[PDB]
2 protein chains.
Amino acid sequence: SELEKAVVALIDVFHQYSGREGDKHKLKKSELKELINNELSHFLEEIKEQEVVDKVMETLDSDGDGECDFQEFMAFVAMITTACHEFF
Amino acid sequence: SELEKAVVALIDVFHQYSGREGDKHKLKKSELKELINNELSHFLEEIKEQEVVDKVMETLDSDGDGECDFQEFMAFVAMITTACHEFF
Ligand SMILES: CN1CCN(c2ccccc2C/N=N\C(N)=S)CC1
Ligand SMILES: CN1CCN(c2ccccc2C/N=N\C(N)=S)CC1
Ligand SMILES: C[As](C)(=O)[O-]
Ligand SMILES: C[As](C)(=O)[O-]
Ligand SMILES: [Ca+2]
Ligand SMILES: [Ca+2]
Ligand SMILES: [Ca+2]
Ligand SMILES: [Ca+2]
């Protein structure tokens, strides 16, 4: 189904970026940026400034370890989905 | 992108079922059941007993109004995605 395809897409895209550098199960600043710029180009403005990268990570980093884990990525997805939902 | 397609799939499948009966922005017991049975047939066991329907709603119903709204649906999706993530 389309729902099951959406579940596996969330897992795959996270790992496409998290496993690039350092901890393979977390997104660092540069990995989060590329994910937003390449995969969310219709929902979000392209990030071109360092302070936007820093602010976005600050917002998503719930436990405060400097990176975005899978749970925090899921919360980010929930935010975008809710913002898009309320648009209509 | 695949991620953006996943975001719109979550919104669409929720409304496919929530808008069937009663409140068009919330899932009642029978609507939640059909969503699980039709759209999550590879991730979850088919619900065939009433007490399984009742228990699942009890688990998902965070604010305690008897139904599953969009925020609660997103938390449900997060649960399944995390369970599938940890499987590998
Ligand atoms: C600069 N933009 C271009 C992408 N946009 C957008 C694009 C398509 C459909 C809906 C939205 C609307 N709204 N919100 C989100 N995507 S979070 C708006 C922001
Ligand atoms: C009775 N089942 C059939 C569907 N399953 C399943 C199917 C495919 C890939 C991974 C899982 C594994 N694990 N978890 C979830 N889907 S939440 C297991 C449960
Ligand atoms: C850790 As690699 C070689 O997939 O960027
Ligand atoms: C409320 As209807 C007619 O789409 O089931
Ligand atoms: Ca990483
Ligand atoms: Ca973190
Ligand atoms: Ca309803
Ligand atoms: Ca509720």
# chains A, B, ... in the order shown; residues from 1 in each chain; ligands from 1

$ select_by_dssp --residues "chain A" --states "alpha helix (DSSP H)" --output "PyMOL selection string"
chain A and resi 2-18+29-39+50-60+70-87

$ closest_atom_pairs --of "chain B" --to "chain A" --cutoff "8 Å" --atoms "only C-alpha atoms" --output "Markdown table"
| residue | atom | partner | partner_atom | distance |
| --- | --- | --- | --- | --- |
| B:1 | CA | A:39 | CA | 5.6 |
| B:2 | CA | A:9 | CA | 6.4 |
| B:3 | CA | A:9 | CA | 6.3 |
| B:4 | CA | A:40 | CA | 6.4 |
| B:5 | CA | A:6 | CA | 7.5 |
| B:6 | CA | A:6 | CA | 4.3 |
| B:7 | CA | A:81 | CA | 5.7 |
| B:8 | CA | A:81 | CA | 7.6 |
| B:9 | CA | A:3 | CA | 6.3 |
| B:10 | CA | A:3 | CA | 6.5 |
| B:11 | CA | A:85 | CA | 6.6 |
| B:13 | CA | A:3 | CA | 7.0 |
| B:39 | CA | A:1 | CA | 5.6 |
| B:40 | CA | A:4 | CA | 6.4 |
| B:42 | CA | A:4 | CA | 7.8 |
| B:43 | CA | A:4 | CA | 7.8 |
| B:71 | CA | A:82 | CA | 7.8 |
| B:74 | CA | A:78 | CA | 6.3 |
| B:77 | CA | A:7 | CA | 7.6 |
| B:78 | CA | A:74 | CA | 6.3 |
| B:80 | CA | A:7 | CA | 7.8 |
| B:81 | CA | A:7 | CA | 5.7 |
| B:82 | CA | A:71 | CA | 7.8 |
| B:85 | CA | A:11 | CA | 6.6 |

$ write_last_selection --atoms "C-alpha atoms" --output "compact mmCIF listing (two decimals), in the first residue's frame"
# COMPACT_ATOMS: atom_id res chain seq x y z
CA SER B 1 11.16 13.28 -3.98
CA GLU B 2 10.26 10.03 -2.20
CA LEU B 3 10.12 11.87 1.15
CA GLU B 4 7.63 14.48 -0.11
CA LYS B 5 5.54 11.68 -1.63
CA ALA B 6 5.57 10.00 1.81
CA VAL B 7 4.34 13.20 3.52
CA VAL B 8 1.36 13.55 1.15
CA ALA B 9 0.59 9.81 1.43
CA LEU B 10 0.21 10.11 5.22
CA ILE B 11 -2.23 13.03 4.83
CA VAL B 13 -4.65 7.91 3.77
CA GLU B 39 -3.34 -0.37 4.47
CA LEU B 40 -1.06 -2.04 7.04
CA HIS B 42 2.11 -6.37 5.85
CA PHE B 43 3.13 -4.68 9.09
CA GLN B 71 -1.65 14.16 15.76
CA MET B 74 1.19 10.65 13.35
CA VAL B 77 2.92 6.07 12.28
CA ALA B 78 6.02 6.97 14.33
CA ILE B 80 5.34 1.51 13.35
CA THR B 81 8.31 3.19 11.65
CA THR B 82 10.43 2.79 14.81
CA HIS B 85 13.58 0.41 11.95

$ residues_near_ligand --ligand "ligand 6" --cutoff "10 Å" --atoms "only C-alpha atoms and all ligand atoms" --output "list in words"
residues 26, 27, 28, 57, 58, 59, 60, 61, 62, 63, 64, 65, 66, 67, 68, 69, 70, 71, 72 and 73 of chain A

$ residues_near_ligand --ligand "ligand 7" --cutoff "9 Å" --atoms "only C-alpha atoms and all ligand atoms" --output "count of residues only"
20

$ closest_residue --among "B:83, B:36, B:47, B:53" --to "ligand 2" --atoms "only C-alpha atoms and all ligand atoms"
B:83
